[PDB]
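> show me how the following folds:
(chains A, B, C, D, E, F, G, H, I, J and K)
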Amino acid sequence: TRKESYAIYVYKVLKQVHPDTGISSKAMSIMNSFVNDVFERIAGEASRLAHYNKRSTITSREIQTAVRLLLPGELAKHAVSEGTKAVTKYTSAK
Amino acid sequence: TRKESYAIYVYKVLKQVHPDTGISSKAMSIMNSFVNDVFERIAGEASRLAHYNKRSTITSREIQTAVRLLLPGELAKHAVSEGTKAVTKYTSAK
Amino acid sequence: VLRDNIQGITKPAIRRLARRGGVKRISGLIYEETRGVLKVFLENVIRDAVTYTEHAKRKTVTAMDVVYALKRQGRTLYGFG
Amino acid sequence: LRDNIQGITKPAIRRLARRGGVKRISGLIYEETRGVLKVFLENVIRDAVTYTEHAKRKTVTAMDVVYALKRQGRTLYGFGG
Amino acid sequence: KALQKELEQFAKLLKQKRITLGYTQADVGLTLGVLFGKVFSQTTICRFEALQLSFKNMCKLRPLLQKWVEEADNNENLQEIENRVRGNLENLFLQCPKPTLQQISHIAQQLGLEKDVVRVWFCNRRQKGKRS
Amino acid sequence: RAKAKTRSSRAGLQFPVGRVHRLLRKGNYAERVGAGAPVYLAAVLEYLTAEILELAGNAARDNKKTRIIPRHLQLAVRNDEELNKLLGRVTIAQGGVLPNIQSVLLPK
Amino acid sequence: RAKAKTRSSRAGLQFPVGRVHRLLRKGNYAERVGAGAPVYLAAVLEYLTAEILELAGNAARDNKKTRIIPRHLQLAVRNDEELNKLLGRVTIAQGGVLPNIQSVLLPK
Amino acid sequence: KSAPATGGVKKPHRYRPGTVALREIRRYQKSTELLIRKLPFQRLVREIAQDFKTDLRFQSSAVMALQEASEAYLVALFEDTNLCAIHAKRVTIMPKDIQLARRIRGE
Amino acid sequence: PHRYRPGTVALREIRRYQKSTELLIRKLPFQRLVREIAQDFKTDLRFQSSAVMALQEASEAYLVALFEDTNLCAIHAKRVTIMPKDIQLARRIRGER
DNA sequence: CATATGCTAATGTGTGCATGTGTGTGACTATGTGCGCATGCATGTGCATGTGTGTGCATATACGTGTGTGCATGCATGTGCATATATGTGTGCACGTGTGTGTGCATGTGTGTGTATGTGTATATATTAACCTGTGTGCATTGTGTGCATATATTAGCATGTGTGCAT
DNA sequence: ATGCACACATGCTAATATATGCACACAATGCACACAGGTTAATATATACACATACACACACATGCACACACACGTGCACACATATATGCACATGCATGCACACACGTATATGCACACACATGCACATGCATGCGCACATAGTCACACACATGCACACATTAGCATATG
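Residues are numbered from 1 along each chain as shown, chains lettered A, B, ... in the order given. I have put the structure below:
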C-alpha cells in the first residue's frame, strides 16, 4: 500500500533553501526520521502539558510551551517566532 | 477538594508483607511517586506498542510486552507471572 | 533573592557534599568550579519549572513544576508528588 | 553458529578505535571490547525480538531494531525511524 | 676586613678556654675527630692559636672549633671514655723527568713504596722543580 | 441486580483495578482499553510495590526501626540489583547514599 | 463549494498542516486538537528542517558535492551547537564522526 | 654562637591528615539530611529565577525539591569525580576530574 | 628499508577513518554474531537485511563513542594507550554498569 | 710532655682539549590529494489513481471569564547557638625527574575468508473479506476513598557508660 | 601499651507525626445496547535463506625495535586539622496581601458526518553525478651529516695539613 513520509515536503524546503542542491535517498530517510522524532517529542510534551493542567485539548499554546521546553535557546526563539507568524497568517486567512 | 493517591493500597500491601511495620508520610509520598512512575512507563510503552502494530486497543498482551521491555529479567518474569495469574483469576471469576 | 548568592554555597557545604560522595581530599580550586556547575544545573531546572509555571498562568513555582522540570531532564525525583 | 564473537577481529577493533581518535591500544583491549559489544548486542537484540513477538512475526525487521534502540535512549536515524 | 680581628679575638678566647679546660692540642684534635670524624693534627691547632694558617683555612676551621667549645662544656667524662729512597729517586731524575706509569710501577716495587705515594711524590717533585 | 463487588476482589488484588482502568482511559494511551489490561497493570504494580516494601521493611528491621522512612526505601532499592536498574535515573528524597569507600582511600 | 485551499497554503507553509492534524488526532495525545496547533507544529517542523538542510547544503558545497548525503547532515548537526544539543542522543547512519585528534597525541 | 641543639619542638600533636576526612565520609554517608544551608540556597534559587520571570513566588516544597535534586546531583558528580581522580592515581579531586566526569556524562 | 616511527601511521589511520563513513566491521561475521546472539531468545529467527544493517550501524556508533570516552580517560591518566580499566571507567561514569 | 718550626705528601680548584652525544637542517621515500576520463545506478521528472484532506452545516461541550473565598506566601521582628571563617602549622601528597624493560607498532608474507553475483525455493508477510465478540455509552445505585478530627506509639533529645580506634 | 577523642548503647522524658475512625460524595459497578475493531480463513506475492562460484584484499602470524609506561626517588607547597571569634541560619511568631482554587454561566470552537476533488504515492524511464581508475602533483616523514655542547679526566695550578725534629 501507500507509505506516507515527509520526503516531498523536505524536498520543497530544500529547493527553497538550496535550489541547485539535491539529496540522496539515505539522507532523505534520515531527514524523515528527524521530522518524525521531533514531531513525537513536541506532541508528547504538549500532551503532558495538557494533562498537567487538566485540559483535554492541545492548542497552539501547548505547542509553544513544548517547543520552548524541548529546544535550545536560539532555536526555541526562532521556532516560536515562525510558529506564531504561521498561526497569525492562518487566522488572518481563515 | 479530593486528591487521589495510592497510599491506602500501598498500606494494605505493606500490612500483608510486614504486618507490624509502619511507614512515614515522606516514604508514603515516595511510594506514591514510584507507583505513578511505573504506571506511566508501562502505559506509555503499551500505547507505543499498540500504535506500532496499527491497533487501537490496549490489551493485556500489550501490557505484558511492555512489562517485558521495561522490567529487568527476574523482576519481569515474576511480574509477568503475577499479571497472568491475576488476569486468569479475573476471567475465571467473571 | 539578592545578588551574588552563589557564595552562600560555602566551602564547608561543598566539603560535606564531597564527603557524602566519598571524597577524601579536595583541591582548593574545586569549590569555585563546583559553584559554577551548580549554577548551570539550577539554571537548567528553574528555567524549565518557570516555563511550566508560565504555561499554567501562575505566579508561584510549585513543587510539581520542579518535579516535571526534573523529569523532563531525565532526573525524576520521588517524594514531592 | 558457534563462537562468532571472534569474527570481530583485531583490525576491525583497531579501525573502530582509530575513528574514535585512539593512537595506542593495549593488547588486552580486544577481548574487553568483544565483551562490551556482546552485552550491547544482547540488550538491543532482546528488545527487538520482544517487539517481533508482540507483532506475532518471525522476522526481525529494521523497525523492530529502531524501536529497541529508541527504548534504550539510542535513537538511530535512517532506517524508517 | 674586620673578619681578621674577629678571628683573632675568637682565637685568643679559644686559647683561654683550652688552657682552662686542661686539654692538650693533640687532645683537641682527638676530640674533634671523635665528635666530627675529621681528626686534625696538633700542628694545625698550634698554627691556629698562633694565627699562622691561611685566611681560607682560618674560616674553614672556625666553625668546628666554635661547635666544640659550645658543646664540650657540659660533660667531659663520657667524651674522654727516608734519605736513601730520596737519593735513589733523585738519581732516577736528571734522566727522565716525567716517567710513564709503566716505569712508575717498577719504581714503586723497587723501593717498596705505594703507587699513589710515589705518584704524588713525583708530581710534587715536578712542582718544586718548576717553581724555579 | 446483585451486590456490587470490585474488580480488584475479582482479580484477587489490592490495587484499584477500576481506578487503573479510568486512568488508562483518561490518560490518552489508546482509543480503547481492554478488560484484562487494567487487571494486568494493577497486578504488576502491586507486585513491584510488595517487592520494594518487603525489602524496605527488612532494611528498617536491620536498623531496629518499626517505621519505614525514605532511607530504608533507598537502601532497599540500591542494594537490589534489578530494582537499582529499574530506578537508575531516580532520586529518592531524603534517601542518602550507600556507604561506600574506595579501598585506595583507606589507611595503609 | 468554493475552491479547496489547503491549510498549508493558508498558513504559508510547505509542510502538510492537514497531515499533522490527522497525526495529532490519531496519535493519542489529547481527545481534542485545536485549529492552530497543527499549524504551529508544522511551522516549527518546517523551520527545523530548513535549518538542518541549509547547514547540510553548505557542508555539501564545501566538499564540492551537489547532493546531500548522510555525512553532510552529520557535519551540519555536530558543527552546530544548538542542533548538536537537540540531537545529542541520536545516531545518524553513515554519518561518521567529526575529525578530532587530541593535541597530546600529536607529535612534538 | 650561643649553643646548638635548642628545643622549639612543637609538642602539640593532632590527628593525621585524612583520618578526620574518613570519619566525615562515614558520618555523611550514614546520614540523609541536606548538607547545604536552607536559607542561602533559597536566596540563590530566587536570584536565579529572577532572570526568567519578575516577582516570582515559590512554594516551600518547591525549594525543598530543588535542594534535594541539586544535592543528589552534586553528590553523584562528586562520586564520578572521585573515580576519575583515583583513575589518575591520585586521592585529591581537581577541577579537571569534574570536567572529565561531566564530559563523559554528556554534560 | 623505510620505516615509519611508531604513532605516525596510527595518526594517518586516525585521519583516514575520521574522514570516512563506511562500516568498519566486516558484514558477514557481524551478521553471524547477530544471529548467534538472537538464537538465545528464539529459534528459527529470520532477519531483514536492513535490520542487520541497523544493528551494525548502532553497534559501530556505540563503540566509536565509547572509544572516544576511553581515550579521554587514558589521556586524563597521562597516557596515550587505552587500557581495559579506561573502558571500565568510561562505562561506569556513563552508567553502563 | 707539650708546644713552635721547616718541610714536604696530599688534597683540592681550574682549563681544556678531546670525544661523544644530541640536535637541527635539508634528500629519499611513501602517501594523500587533485584533476582527467568513462561508467552505472540512483536520483529526479512525469503519469494514473485512490485515498485523504478540504468544505459545509449542525451539535455538544470544554474552556475562558468573572466573582468570591481561604490558604499560604513574603515580609518584619527576635532569639540563641551551631556553623562559617580566618589563622597557624606541619605532613604527606602531587609533580617532576630519571630509568629500564617489554609491550605494542610498523612491516612483510601467505592465504582463506568476505564480497559480489546469480539462482530458486519455501517461508512468511501482507491483503481482503465475513463476522462476532468485546468495548464504548448512558444511567441509576451505592459502596469505597478521602477529608477532618482524635489518641497514641514511635521517634527525637540528653546523660552516663562503653567500648573502639587512632597515634605516639 | 597506655592515653585521648569519638561514635555508640542503655535509659528516661517529651512531642509530634502516624494510625484509626466517622461522614459524605463521587467515582466504580451493574445492566442493557450498539457497533466497530480485531480475528480468522484464504490467497498473492516479497524476500530471506541456502547453495554455488570466482577473486582479491584483508587478516593472521612472525620479526625487529622504539618509546611509553611503570617504578622509584626527592621535594615543596597545598591542604588537612585544630582553634578562636563572630556571623547569620534556624526557629518562632505575627500580619497583611495576593493569588490559587472553586464555582457557575455562556459562547467560541472542536467534532462528526457526508461528499467531492486534488495531492501524494507507486510505477516508469532518463540522465548525470558520484564512483572508479590511472597519472601527476604535492605534503610530510625520516635518516643523514654535521655542528655545537658538554663532560671528564686529567693535567695541571694552588692551597693545606701532617711529619721530624727543634725549643723549651
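
> return the residues of chain C in contact with chain A.
C:48, C:51-52, C:54-56, C:64, C:68, C:72 (CB under 8 Å from any CB of the partner chain). Where C-beta positions appear, they are placed from N, C-alpha and C, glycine not excepted.

> can you tell me which of those is nearest residue D:19?
Distance ranking of the residues of chain C next to chain A against residue D:19, using CB to CB, places residue C:72 first at 32.8 Å.

> restricted to helices, list the residues of chain C next to chain A.
C:48, C:51-52, C:54-55, C:64, C:68, C:72 (DSSP state H).

> helices along the chain, start to end?
With no chain named, the answer covers chain A. Going by DSSP H, chain A shows helices at A:7-17, A:25-52, A:60-70, A:73-92.

> try again with chain F
F:7-11, F:17-26, F:36-62, F:70-79, F:81-86.

> go on, chain H?
For chain H, the helices defined by DSSP H cover H:19-30, H:38-49, H:60-87, H:95-105.

> wondering if the third one reaches DNA strand J at all.
Yes. Using CB under 7 Å from any atom of the strand as the criterion, contacts between helix H:60-87 and DNA strand J involve H:60-61, H:85.

> which of those residues tops the neighbour count?
Most neighbours among these, by other CB atoms under 10 Å in any protein chain shown: residue H:85, with 27 neighbours.

> and the residue in chain C positioned nearest to chain G, what element?
Closest approach between chain C and chain G, counting by CB to the nearest CB: residue C:74, at 9.9 Å. Using DSSP states H and E, residue C:74 maps to neither a helix nor a strand.

> now for it: which residues touch it?
By CB atoms under 8 Å, 6 or more residues apart in numbering or on different chains, residue C:74 lies in contact with residue F:89.

> you'd agree residue A:23 is up against residue A:12?
No. Using CB atoms under 8 Å, residue A:23 makes no contact with residue A:12, being 11.6 Å away.

> who's more crowded, these two?
residue A:23 (23 against 14).

> for stretch C:41-57, give me every contacting residue.
Residues outside stretch C:41-57 that contact it (CB under 8 Å, 6+ apart) are A:49, A:52-53, A:61-62, A:65, A:68-69, C:59-62, C:64-66, C:68-70, C:72-73, H:44-45, H:48-49, H:52-53, H:56, H:62, H:66, H:69-70, H:73-74.

> tell me the residues of chain F that contact DNA strand K?
Counting by CB under 7 Å from any atom of the strand, chain F sits next to DNA strand K at F:1-2, F:4-8, F:16-19, F:21-22, F:31-32, F:67.

> returning to that earlier point: nearest to chain D among the ones in helices among the residues of chain C next to chain A?
Nearest to chain D among these, with distances taken as CB to the nearest CB, is residue C:72, at 14.5 Å.

> just put the residues of chain C next to chain A in a markdown table and tack on neighbour count.
Formatted as a markdown table, these follow (neighbours: other CB atoms under 10 Å in any protein chain shown):
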| residue | neighbour count |
| --- | --- |
| C:48 | 21 |
| C:51 | 22 |
| C:52 | 23 |
| C:54 | 16 |
| C:55 | 20 |
| C:56 | 17 |
| C:64 | 19 |
| C:68 | 21 |
| C:72 | 19 |
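
> of those, which is the nearest to chain I?
residue C:72 (18.6 Å).

> please report the distance of that closest one from residue C:48.
6 Å (CB to CB, to the nearest Å).

> okay, and the common contacts of those two?
What both residue C:72 and residue C:48 touch, as defined by CB under 8 Å, 6+ apart, is the set residue A:69.

> the helices of chain F: which one's closest to residue B:84?
Closest among the helices of chain F, using CB to CB: helix F:36-62, at 7.7 Å.

> residue F:94 is in contact with residue H:32, isn't it?
Yes. In this structure, residue F:94 is within contact of residue H:32 by CB under 8 Å, at 5.0 Å.

> show me the common contact partners of these two, please.
Residues touching both residue F:94 and residue H:32 by CB under 8 Å, 6+ apart: F:70-71.

> spatially nearest residue to residue E:8, not counting backbone neighbours?
Spatial nearest neighbour of residue E:8, excluding adjacent residues (CB to CB, 6 or more residues apart in numbering or on different chains): residue E:51 at 6.3 Å.

> quick check: the one you found vs residue E:1, distance?
16 Å.

> then residue H:34?
Where residue E:1 is concerned, residue H:34 sits at a distance of 72 Å (CB to CB).

> more neighbours: which of the two?
residue H:34 (18 against 5).

> the more buried one: what's it in contact with?
H:67-68, H:71.
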